[PDB]
Amino acid sequence: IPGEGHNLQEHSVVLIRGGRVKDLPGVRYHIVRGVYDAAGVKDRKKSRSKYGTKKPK
Amino acid sequence: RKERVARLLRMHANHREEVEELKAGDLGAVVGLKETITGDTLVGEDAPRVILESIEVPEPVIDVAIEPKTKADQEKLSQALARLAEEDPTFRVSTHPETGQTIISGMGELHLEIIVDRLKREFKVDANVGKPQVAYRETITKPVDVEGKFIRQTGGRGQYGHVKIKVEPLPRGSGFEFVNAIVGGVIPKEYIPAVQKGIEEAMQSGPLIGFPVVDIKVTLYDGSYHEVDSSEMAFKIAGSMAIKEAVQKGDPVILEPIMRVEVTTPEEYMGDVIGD
Amino acid sequence: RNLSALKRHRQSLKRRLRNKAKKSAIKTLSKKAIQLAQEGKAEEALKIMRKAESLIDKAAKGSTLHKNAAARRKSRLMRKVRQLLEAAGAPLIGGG
Amino acid sequence: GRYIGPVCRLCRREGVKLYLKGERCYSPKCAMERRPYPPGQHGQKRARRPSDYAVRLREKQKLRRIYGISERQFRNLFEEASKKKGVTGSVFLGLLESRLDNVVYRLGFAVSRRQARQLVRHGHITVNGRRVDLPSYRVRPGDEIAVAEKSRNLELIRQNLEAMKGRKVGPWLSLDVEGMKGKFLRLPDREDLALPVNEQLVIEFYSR
Amino acid sequence: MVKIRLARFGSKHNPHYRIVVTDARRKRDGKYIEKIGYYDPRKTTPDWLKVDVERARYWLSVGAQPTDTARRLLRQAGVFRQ
RNA sequence: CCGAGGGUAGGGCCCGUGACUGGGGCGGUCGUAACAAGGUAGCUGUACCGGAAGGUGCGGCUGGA
RNA sequence: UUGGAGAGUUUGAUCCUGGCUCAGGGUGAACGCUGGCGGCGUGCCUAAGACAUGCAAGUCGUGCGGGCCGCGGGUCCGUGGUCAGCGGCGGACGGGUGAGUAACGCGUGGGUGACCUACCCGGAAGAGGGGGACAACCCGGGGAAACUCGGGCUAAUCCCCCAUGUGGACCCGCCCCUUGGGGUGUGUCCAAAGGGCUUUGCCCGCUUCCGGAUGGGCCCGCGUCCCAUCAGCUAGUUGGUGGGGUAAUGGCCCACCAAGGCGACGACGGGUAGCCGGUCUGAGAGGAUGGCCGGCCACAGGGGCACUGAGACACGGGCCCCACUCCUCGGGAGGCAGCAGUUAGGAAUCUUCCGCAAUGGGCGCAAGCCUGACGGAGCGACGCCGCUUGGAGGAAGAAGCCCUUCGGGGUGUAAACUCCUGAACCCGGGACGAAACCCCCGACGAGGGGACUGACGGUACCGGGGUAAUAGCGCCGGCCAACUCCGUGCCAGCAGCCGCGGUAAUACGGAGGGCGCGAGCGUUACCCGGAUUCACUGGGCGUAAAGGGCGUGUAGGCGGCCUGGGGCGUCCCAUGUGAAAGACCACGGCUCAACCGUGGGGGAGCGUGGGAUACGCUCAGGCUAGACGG
Ligand code: SF4
Ligand SMILES: [Mg+2]
Ligand SMILES: [Mg+2]
Ligand SMILES: [Mg+2]
Ligand SMILES: [Mg+2]
Ligand SMILES: [Mg+2]
Ligand SMILES: [Mg+2]
Ligand SMILES: [Mg+2]
Ligand SMILES: [Mg+2]
Ligand SMILES: [Mg+2]
Ligand SMILES: [Mg+2]
Ligand SMILES: [Mg+2]
Ligand SMILES: [Mg+2]
Ligand SMILES: [Mg+2]
Ligand SMILES: [Mg+2]
Ligand SMILES: [Mg+2]
Ligand SMILES: [Mg+2]
Ligand SMILES: [Mg+2]
Ligand SMILES: [Mg+2]
Ligand SMILES: [Mg+2]
Ligand SMILES: [Mg+2]
Ligand SMILES: [Mg+2]
Ligand SMILES: [Mg+2]
Ligand SMILES: [Mg+2]
Ligand SMILES: [Mg+2]
Ligand SMILES: [Mg+2]
Ligand SMILES: [Mg+2]
Ligand SMILES: [Mg+2]
Ligand SMILES: [Mg+2]
Ligand SMILES: [Mg+2]
Ligand SMILES: [Mg+2]
Ligand SMILES: [Mg+2]
Ligand SMILES: [Mg+2]
Ligand SMILES: [Mg+2]
Ligand SMILES: [Mg+2]
Ligand SMILES: [Mg+2]
Ligand SMILES: [Mg+2]
Ligand SMILES: [Mg+2]
Ligand SMILES: [Mg+2]
Ligand SMILES: [Mg+2]
Ligand SMILES: [Mg+2]
Ligand SMILES: [Mg+2]
Ligand SMILES: [Mg+2]
Ligand SMILES: [Mg+2]
Ligand SMILES: [Mg+2]
Ligand SMILES: [Mg+2]
Ligand SMILES: [Mg+2]
Ligand SMILES: [Mg+2]
Ligand SMILES: [Mg+2]
Ligand SMILES: [Mg+2]
Ligand SMILES: [Mg+2]
Ligand SMILES: [Mg+2]
Ligand SMILES: [Mg+2]
Ligand SMILES: [Mg+2]
Ligand SMILES: [Mg+2]
Ligand SMILES: [Mg+2]
Ligand SMILES: [Mg+2]
Ligand SMILES: [Mg+2]
Ligand SMILES: [Mg+2]
Ligand SMILES: [Mg+2]
Ligand SMILES: [Mg+2]
Ligand SMILES: [Mg+2]
Ligand SMILES: [Mg+2]
Ligand SMILES: [Mg+2]
Ligand SMILES: [Mg+2]
Ligand SMILES: [Mg+2]
Ligand SMILES: [Mg+2]
Ligand SMILES: [Mg+2]
Ligand SMILES: [Mg+2]
Ligand SMILES: [Mg+2]
Ligand SMILES: [Mg+2]
Ligand SMILES: [Mg+2]
Ligand SMILES: [Mg+2]
Ligand SMILES: [Mg+2]
Ligand SMILES: [Mg+2]
Ligand SMILES: [Mg+2]
Ligand SMILES: [Mg+2]
Ligand SMILES: [Mg+2]
Ligand SMILES: [Mg+2]
Ligand SMILES: [Mg+2]
Ligand SMILES: [Mg+2]
Ligand SMILES: [Mg+2]
Ligand SMILES: [Mg+2]
Ligand SMILES: [Mg+2]
Ligand SMILES: [Mg+2]
Ligand SMILES: [Mg+2]
Ligand SMILES: [Mg+2]
Ligand SMILES: [Mg+2]
Ligand SMILES: [Mg+2]
Ligand SMILES: [Mg+2]
Ligand SMILES: [Mg+2]
Ligand SMILES: [Mg+2]
Ligand SMILES: [Mg+2]
Ligand SMILES: [Mg+2]
Ligand SMILES: [Mg+2]
Ligand SMILES: [Mg+2]
Ligand SMILES: [Mg+2]
Ligand SMILES: [Mg+2]
Ligand SMILES: [Mg+2]
Ligand SMILES: [Mg+2]
Ligand SMILES: [Mg+2]
Ligand SMILES: [Mg+2]
């Protein structure tokens, strides 16, 4: 689960793309933010795409 | 997401009825919708993407006044609650206007003992809490009628608002109501979005214990002005003097929070429980 | 719940009926001829296979036999009646 | 579509004057004449030695920027030159010179190629009589780049014509002034122009 | 039977048929026997009809049949004018 | 006569799973086998032995003296 | 001779080996943030799971007899509507899908003396007589339905018998021919149908034959994925003689007899897949792939069967079994892998739209009728191509924000302002796509003449009028283009690989600035690329991974010098085939382009014919330098 803070928990419906984390062995997939019960990240301005965050005003 | 309303249906006591349309104010069943769950806002393709107020009321009832203590290690507690307020949407980290400080709202004595347990022992933060949790509201029992003047035709630099509203008790649990029946134009078109804000901040501090006032109706029906000395921040201070005063008028009542409670106990202590 | 497809079907019951019928007599008669050549019985055999020959092409007139089939049907009927008669000749009347 | 936005900054990034603006270009109010150094917080900073990559990068950028064209059409053109018979570096330059919004420029009907586009697009220009409003038209030799005669009555076209009485156009062009029309006689030769583009480099770049 | 027909090619809003000989029962733009002319019925060019009249006479002689609006074009550039 | 398939009985291959058990990979306790003649040169096939590395026998190799 | 870039990472350092990782192109995509216009394509990749409703094959009153409504009136008769019925042609095409299939299924080239082909085009011959059945309709039972049943009446282009025999079909013989090919002879066998108009005649039908044309069946060489930790397989098995079956060959089927047939050149078995034209990648060789369009196969809920027929073992025909689900207690109905559409499953895939104007198909003399083929419209940045968010001018240079040595430096001509154009909208007009079928003169032919018909669509486009009119996403340690402050302090986090973070972080978060792309930008998944890292082009084995412990020899591979024959390999020329689309090059069409038309150029590879003879092959003769022997 990528980024700072997350809203995920037991029974969260979730979407996953592949791609592993080097240091976290066994972990071979990534949770895609802003989809299903995965939140995007609040207060994220740069790279919003990679973090499922909508644009500010 | 776009969606394609195929057929449109009505339901009778014995048969289904296809209809070619559903006019506003009415209702019926629409075939064809795919990813549209209940409690959603369907607009037309070329229409204001507004979202109707479906699925509502949060809503917290216990406030513990956490002071950031000392003093420049402040903004790290504000970076703790922030991630917290994304991990848990219920609670509000509201700020008090007069006293200026931050306030952790919640859903029970316990909701703050699991947060401000982790808030100290799962970050760090030099900060501390009292506190009670006094979370009452205020409302009115009878309707009354005052004036919202701001007669400062001086300085030449702004300062004039005059306001007249009928404030009546609403059904409890209902919250706010604002009907805008200005007639003639005796208050200009650009003094409405800031006489409403002139009211909506006046209810923020109450007349007995000083707590948010809900369950009211504010009918704006009259008021004068001075085109030269009338400022937008003169009807915004006008409606604060009428609302914080008309609520003092017609019987202001502390409403108070109440919990439905499911207590599980062995059959032996029942009476010991109940009678307590 | 439709069609004059069924009209095509009723039309096939009568059609198969006449073919079956025709095709039956053919076999019956042909076998009968060949049976008579197996004893011979010179005159009788041909007499039959003559009537048999007839029923063969006549069936092939309609949608019952191919001409080649009627051709085979005729071929062997003759080859068998004849070869059979080679045991005791007297091949009168006519089909040789 | 086409870039839009701050364009002094292009040239001063490019270390070289391009004629992207119009009148100001020749004036000493050009920012390049004043700040011949890369835009942004690190402009006057003792630059670090380019990489062969940087080198071929920048050469490509300037060459496209010069014509104010999409990275995709530029590349599109370039691959076609490579397919086409004979020298690729030249045929490229030739092919992107044959583009209607640019022809209108050499012929001086307008100041910048930027300004030019808008003319062609609005219908103010034509080719061989019939009106043509696409900045991409392959101007094929033998052609009549007239003004839309029904939009000759205008303050800007005359004006740029006013300023084009006797400058010698391209060796491949025949600006009959007054009559508001030129002719694309033959597609340019290599030496037939000297912009600051080392064309051999744009080639080596796209061959990575 | 075998036929002389208009196989459509070209784009949408660009009819460019191919007057062609095929078996009655192919898909219209399906595999024919022989091509014997074109026909841009929109006439966006000089030669919008081209019938190899030599071949158009052969197929007719062996037995081919033609679309009623194929002779419209076979006749127009005359195949029958003795 | 054959015949969809049903039934009966016996086999072959595959998959998943199983109390329990064997090692295998990744992140304190005992010794110190290897790396310098590594403090008994090292390795080796095999054999027997030993908490563990390992030791010992027989023969081999030098990538050792 | 239009064609070929590499980098980071093992060490203290080096060289080599070697794996990993990355920049590229591509997609029936999909996910994030963002999203204005148009063109052309294109869109259930998963459950060939289940499907409500509407539609998707019908047509001929110029084949025939009938039942109501009418219409000129003398319950009569003629007509034309109309529902069926009998009869004919179609329904085997067209559309869908890739489950099954490693196969003569497909590709490519051939064989058929082993055969078929409705309608369409030639050529030859004919239509003489006679009889007969069934529906329809009238009548008589059951069902809460499908509907059926017994009796009688009856028309025909329905049915059958006699006849004529151009001709054809079979047996035996004979001549030619050589797998059952053509001709002849004697015996036997077999044709048929009428309707219509303007009526000594034209027209649309039928009949037997031969030929064509087109579409097929069957057969053969050669090519087609993985596992040998699948090594042996086979009893209709392999051949035979006879017969049955077919349009036809054949163990295709049956009886008998013979003991075969296949297999390391991979049988048998297991996995997996519809094949090709092509498509994507690549310097090529090669690798990967088969969506859409075209070509062939295969399947129509799962199965089996045959009827009818030119043709099917028949998607929207029939029968039987099964599974599921529907209509009331006997019995019934269903089959979207047609067009839409529902549902389920899924990361994901559309309108229950318009039209038969065009093109094509079926029937019909025609008028015409049916056509979810098709022609178009709708939705989706799915993809490609076209465009827009403005253009010239404007300060040694506002404000705000960022940095700073506190002088400044930057955003930045950028903006505000100055004029100029003028996407959207507003008014007007407004299409080609459609000349044939049909009527007339000629002759129902040639040719001439005229009329009706447009869904898209009052849309494109043209004319006038006319508003400054969306910008977003990725990245800025190195590969790799783009650098500073602040916050944080091995936390929080980044991450493709090296790795960054433990208080001064160009690597984490934000800001400014920069780089890069722009109605898109990133990400995931997969293919080829880089990978000369399966090496034919184009690698290797002393010590890096890698010489079998060592012999003997089977198959296989390879093999000296000279001369003759052959011409199999090899080389050359001619010729056929190598469909269309694509690719390529030129020219053109839609304002360009995408897209789209016409033209050109062909290869490989196979068939046929000719030639060459060096090398390889093969046969014959010779040698002695290899080898063996005394
Ligand atoms: S040259 Fe002068 S005007 Fe032309 S772009 Fe560079 S700075 Fe702007
Ligand atoms: Mg939850
Ligand atoms: Mg949920
Ligand atoms: Mg019998
Ligand atoms: Mg027949
Ligand atoms: Mg039959
Ligand atoms: Mg036979
Ligand atoms: Mg104008
Ligand atoms: Mg390249
Ligand atoms: Mg059985
Ligand atoms: Mg069984
Ligand atoms: Mg059973
Ligand atoms: Mg087991
Ligand atoms: Mg030791
Ligand atoms: Mg030791
Ligand atoms: Mg030792
Ligand atoms: Mg040692
Ligand atoms: Mg030992
Ligand atoms: Mg022990
Ligand atoms: Mg011991
Ligand atoms: Mg020893
Ligand atoms: Mg070693
Ligand atoms: Mg490279
Ligand atoms: Mg390293
Ligand atoms: Mg090492
Ligand atoms: Mg190191
Ligand atoms: Mg390497
Ligand atoms: Mg890059
Ligand atoms: Mg490359
Ligand atoms: Mg499918
Ligand atoms: Mg696929
Ligand atoms: Mg249905
Ligand atoms: Mg009828
Ligand atoms: Mg399949
Ligand atoms: Mg297999
Ligand atoms: Mg084969
Ligand atoms: Mg073959
Ligand atoms: Mg038929
Ligand atoms: Mg007779
Ligand atoms: Mg046999
Ligand atoms: Mg036989
Ligand atoms: Mg068999
Ligand atoms: Mg047998
Ligand atoms: Mg035997
Ligand atoms: Mg399988
Ligand atoms: Mg399959
Ligand atoms: Mg290569
Ligand atoms: Mg296909
Ligand atoms: Mg099946
Ligand atoms: Mg199904
Ligand atoms: Mg079936
Ligand atoms: Mg079935
Ligand atoms: Mg039929
Ligand atoms: Mg079939
Ligand atoms: Mg069937
Ligand atoms: Mg169906
Ligand atoms: Mg059918
Ligand atoms: Mg469907
Ligand atoms: Mg659907
Ligand atoms: Mg779902
Ligand atoms: Mg569609
Ligand atoms: Mg039509
Ligand atoms: Mg038609
Ligand atoms: Mg339709
Ligand atoms: Mg688009
Ligand atoms: Mg999208
Ligand atoms: Mg200055
Ligand atoms: Mg400044
Ligand atoms: Mg300053
Ligand atoms: Mg400007
Ligand atoms: Mg028209
Ligand atoms: Mg006449
Ligand atoms: Mg109009
Ligand atoms: Mg259109
Ligand atoms: Mg205009
Ligand atoms: Mg502006
Ligand atoms: Mg980038
Ligand atoms: Mg760099
Ligand atoms: Mg922290
Ligand atoms: Mg980042
Ligand atoms: Mg440090
Ligand atoms: Mg720092
Ligand atoms: Mg980075
Ligand atoms: Mg940073
Ligand atoms: Mg574009
Ligand atoms: Mg790869
Ligand atoms: Mg390779
Ligand atoms: Mg390797
Ligand atoms: Mg590898
Ligand atoms: Mg090699
Ligand atoms: Mg190697
Ligand atoms: Mg090994
Ligand atoms: Mg080794
Ligand atoms: Mg050895
Ligand atoms: Mg040998
Ligand atoms: Mg040899
Ligand atoms: Mg030799
Ligand atoms: Mg040869
Ligand atoms: Mg071709
Ligand atoms: Mg052109
Ligand atoms: Mg061509
Ligand atoms: Mg010899």
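Think of each number as a place in line: the chain as shown, counted from 1.
If you check the header, you will see the structure was determined by X-ray crystallography, 2.8 Å.
Even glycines carry a Cβ here, placed using N, Cα and C.
Features reported for this protein in Swiss-Prot:
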BINDING   D:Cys8, D:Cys11, D:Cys25, D:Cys30  Zn(2+) binding site
DOMAIN    D:98-160  domain 'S4 RNA-binding'
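The Cβ centroid of D:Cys8, D:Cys11, D:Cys25, D:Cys30 marks the Zn(2+) site; residues of that chain outside this set whose Cβ lies within 8 Å of it are D:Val7, D:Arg12, D:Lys17, D:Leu18, D:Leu20, D:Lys21, D:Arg24, D:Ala31, D:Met32, D:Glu33, given in sequence order. Non-local neighbourhood of D:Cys11 (Zn(2+) binding site): D:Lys17, D:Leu18, D:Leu20, D:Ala31, D:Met32, each in the same chain, at least six residues away, with C-beta under 8 Å from its C-beta.
With helix defined as DSSP H, G or I and strand as E or B, the domain 'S4 RNA-binding' (D:98-160) counts 24 helix, 7 strand, 32 coil. Under 8 Å, Cβ to Cβ, and six or more positions away along its own chain, D:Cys25 (Zn(2+) binding site) finds D:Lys17, D:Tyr19. Annotation note: D:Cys30 (Zn(2+) binding site) sits in a coil segment as assigned by DSSP. For D:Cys8 (Zn(2+) binding site), the number of other Cβ atoms no farther than 10 Å from its own Cβ, over all displayed protein chains, is 17.
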